[PDB]
Amino acid sequence: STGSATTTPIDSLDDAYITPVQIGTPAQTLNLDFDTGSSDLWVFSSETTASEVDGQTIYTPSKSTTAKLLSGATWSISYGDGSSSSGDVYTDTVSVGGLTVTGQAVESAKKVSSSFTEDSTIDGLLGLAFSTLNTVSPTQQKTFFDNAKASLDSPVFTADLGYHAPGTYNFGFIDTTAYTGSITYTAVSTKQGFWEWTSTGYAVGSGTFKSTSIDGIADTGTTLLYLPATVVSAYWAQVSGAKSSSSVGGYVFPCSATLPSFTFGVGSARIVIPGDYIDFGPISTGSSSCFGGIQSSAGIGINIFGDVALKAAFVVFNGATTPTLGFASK
């Protein structure tokens, strides 16, 4: 089998991407944030504290003839941005772009943190990291990909995120018309439960490539590109007027600037992030100070190849017995 679904930016800055997901019988379609940095499929639901729901579409398990309460199971998660949510668990039928899993754990939120409530466009998350990170207790549950894997034509999914435009998640096949040149594959460590790999270096604009190992995770659920302070300093030094602001919480730059590109290495291959991808607009409405899309990972504890990086590439998440990551230009 295979599946294919369009993924759409939630706003004009590409802050995140939502993908429609069919849950239950009859189908309840929710728009989920596909997140290769976490491993829970959780949704706003009829059980969510009413004051914590503001415009989201909810899953109502009592209206699904295939929903079954997973007895005694609970979940609770906290993300790297400070947000959280928790609740109980059903199993139900879940389909993504024509690909169907029966008996998928669907984590129904009883509580969500304010940042989720405030974001009307995201109805929940669909985790695509390794199932070892799944938070369901006392019995850990598998991801949608993990459940689908054996049935897929090939045990892979691909992320093709657009810049200010729709893109695609495919399951089970590689669309060879969706990228240019070749796909360069690189080793993955699953030791921390992430799609963790090592970039071979970077360049700023038309500058010389610096060969240096950068360990990080491919994370579709993170907006920005978080890299070591040395790297980030080298980038923003090429933008006149850019500075790290403690009060704003990162590098800011004059909105009148033209940003240089940023290149990262995948083995001997090179992915070029155009400068425009690194502009995340005014820090506050009407400001002429703009927020940068490349920021320091110091104090995160890990480097994160988030959407800013991933949307510059066609990315293969290869879930073979020994997982690997593939990157191509597009």
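Sequence positions, counted from 1, serve as the residue numbers for this chain. Reckoned from all heavy atoms, side chains included, excluding hydrogens, waters and symmetry mates.
Taking CG of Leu225 as the reference point, atom CD1 of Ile304 lies at 9.5 Å (rounded to 0.5 Å). Here the CZ-CG distance, from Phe280 to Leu13, works out to 7.0 Å after rounding to the nearest 0.5 Å. Going from atom OG1 of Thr6 over to atom CD1 of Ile18 covers 11.5 Å, rounded to the nearest 0.5 Å. In this structure, CG in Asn134 is found 6.5 Å from OG in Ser39, a value given to the nearest 0.5 Å. Note that the CD1 atom of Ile183 and the OG1 atom of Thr176 stand 8.5 Å from one another [nearest 0.5 Å]. Atoms CD1 and OG, on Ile58 and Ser108 in that order, are 9.0 Å from each other to the nearest 0.5 Å.
Summarising the geometry of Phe253 relative to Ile278, their closest heavy-atom pair is CE2-O, 4.4 Å, with the distance given to 0.1 Å. Scanning both residues, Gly292 and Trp236, for their nearest heavy atoms gives CA-CZ2, 3.4 Å. Annotation for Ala242 and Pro254: closest pair N-CD, 4.0 Å, computed over non-hydrogen atoms. What you find for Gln238 and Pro260 is that their closest heavy atoms are CB-CG, 4.2 Å. Closest of all the heavy-atom pairs between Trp195 and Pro323 is CZ3-CB, 3.9 Å. Looking at every heavy atom in both residues, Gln295 comes nearest to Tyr251 through OE1-N, 2.8 Å.
Looking only at side-chain heavy atoms (C-beta outward), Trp75 and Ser85 come within less than 4.5 Å of each other. Side-chain contact between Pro282 and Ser289: absent, with no pair of heavy atoms (C-beta onward) separated by less than 4.5 Å. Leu70 has its side chain out of reach of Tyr90: every pair of non-hydrogen atoms, C-beta onward, lies at least 4.5 Å apart. Side-chain contact check for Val315 versus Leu325: some heavy-atom pair is nearer than 4.5 Å. Side-chain atoms of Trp42 and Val106, non-hydrogen and from C-beta on, never get closer than 4.5 Å to each other. Side-chain contact between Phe262 and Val308 is absent, with no heavy-atom pair separated by less than 4.5 Å. Residues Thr60 and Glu47 are not in side-chain contact: their nearest non-hydrogen atoms beyond the backbone lie 4.5 Å or more apart. Residues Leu41 and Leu32 have side chains in contact (heavy-atom distance under 4.5 Å, counting atoms from C-beta outward).
Residue pairs satisfying the disulfide bond (SG atoms under 2.5 Å apart) criterion with at least one member in residues 21-52, sequence neighbours excluded, are absent. Residue pairs meeting the ring-ring contact (aromatic ring centres under 6.0 Å, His included) criterion with at least one member in residues 288-316, sequence neighbours excluded, are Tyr179-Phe314, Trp197-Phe305, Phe264-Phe305.
Using modelled atom types and a 3.5 Å distance limit, the side chains of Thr7 and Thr19 yield a donor-acceptor pair. Using modelled atom types and a 3.5 Å distance limit, the side chains of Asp40 and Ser38 yield no donor-acceptor pair. The closest side-chain donor-acceptor pair between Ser245 and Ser247 falls under 3.5 angstrom. Side chains of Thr66 and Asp92: a donor on one and an acceptor on the other come within 3.5 Å. Judged by distance alone, the side chains of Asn303 and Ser297 do bring a donor and an acceptor atom under 3.5 Å apart. Side chains of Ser131 and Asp146: a donor-acceptor N/O pair is present below 3.5 angstrom, by distance only. Neither side chain, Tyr59 nor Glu107, offers a donor N or O lying under 3.5 Å from an acceptor on the other. A donor and an acceptor atom, one from each side chain of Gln104 and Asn147, are located under 3.5 Å apart. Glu52 and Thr117 form no side-chain donor-acceptor contact under 3.5 Å, judged by distance and modelled atom types alone. Side-chain contact annotation: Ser4 with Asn170, donor-acceptor N/O pair under 3.5 Å present.
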May I have the list of side-chain donor-acceptor pairs in residues 119-129 shorter than 3.5 Å, sequence neighbours left out?
residue: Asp119; atom: OD1; partner: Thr121; partner atom: N; Å: 3.2
residue: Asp119; atom: OD1; partner: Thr121; partner atom: OG1; Å: 2.9
residue: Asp123; atom: OD1; partner: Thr57; partner atom: N; Å: 2.9
residue: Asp123; atom: OD2; partner: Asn31; partner atom: N; Å: 2.8

Report, one line per pair, each donor and acceptor closer than 3.5 Å where one atom sits in a side chain of residues 213-223; sequence neighbours left out.
residue: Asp215; atom: OD1; partner: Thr198; partner atom: OG1; Å: 2.7
residue: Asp219; atom: OD1; partner: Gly37; partner atom: N; Å: 3.2
residue: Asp219; atom: OD1; partner: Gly221; partner atom: N; Å: 2.9
residue: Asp219; atom: OD2; partner: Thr222; partner atom: OG1; Å: 2.7
residue: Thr220; atom: OG1; partner: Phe34; partner atom: O; Å: 2.7
residue: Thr220; atom: OG1; partner: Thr36; partner atom: N; Å: 2.9
residue: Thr223; atom: OG1; partner: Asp15; partner atom: O; Å: 2.6

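Looking at residues two or more places apart in sequence or on another chain, you find no salt bridge (charged side-chain N to carboxylate O under 4.0 Å, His left out) involving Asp279. Not counting sequence neighbours, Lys210 has no partner by the salt bridge (charged side-chain N to carboxylate O under 4.0 Å, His left out) test. With sequence neighbours left out, the salt bridge (charged side-chain N to carboxylate O under 4.0 Å, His left out) criterion links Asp35 to no other residue. Annotation: ring-ring contact (aromatic ring centres under 6.0 Å, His included) contacts of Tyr163 (sequence neighbours excluded): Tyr277. Taking the side chain to side chain contact (heavy atoms under 4.5 Å, CB included) definition, one finds that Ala234 meets it with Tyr202, sequence neighbours left out. The side chain to side chain contact (heavy atoms under 4.5 Å, CB included) test applied to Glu118 returns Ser114, not counting sequence neighbours. Taking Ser83 as the reference, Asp81 meet the side-chain hydrogen bond (donor to acceptor under 3.5 Å, both in side chains) condition, with sequence neighbours excluded. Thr324 meets the side chain to side chain contact (heavy atoms under 4.5 Å, CB included) test with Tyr185, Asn318; sequence neighbours excluded.
A donor-acceptor pair is defined here as one N or O able to donate and one able to accept, closer than 3.5 Å; such a pair exists between the side chain of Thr48 and the backbone of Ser45.
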Does the pair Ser76 and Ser86 meet the rule for a side-chain hydrogen bond (donor to acceptor under 3.5 Å, both in side chains), with working shown? CA-CA 4 Å; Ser76 179; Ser86 63; 4.8 Å; no
Any chance you could lay out the side chain to side chain contact (heavy atoms under 4.5 Å, CB included) test for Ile273 and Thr263, step after step, and finish with the verdict? CA-CA 6 Å; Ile273 305 168; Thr263 299; over 6 Å; no
Between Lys311 and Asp14, is the side chain to side chain contact (heavy atoms under 4.5 Å, CB included) condition met? List the steps. CA-CA 10 Å; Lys311 74 200 211 176; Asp14 297 346; 2.7 Å; yes
Go through the steps to decide whether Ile302 and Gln192 satisfy the test side chain to side chain contact (heavy atoms under 4.5 Å, CB included), and finish with yes or no. CA-CA 11 Å; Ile302 195 163; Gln192 299 190 65; 3.9 Å; yes
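Screening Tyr169, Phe157, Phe317, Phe130 for a ring-ring contact (aromatic ring centres under 6.0 Å, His included) involving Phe145 leaves a single residue, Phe157.
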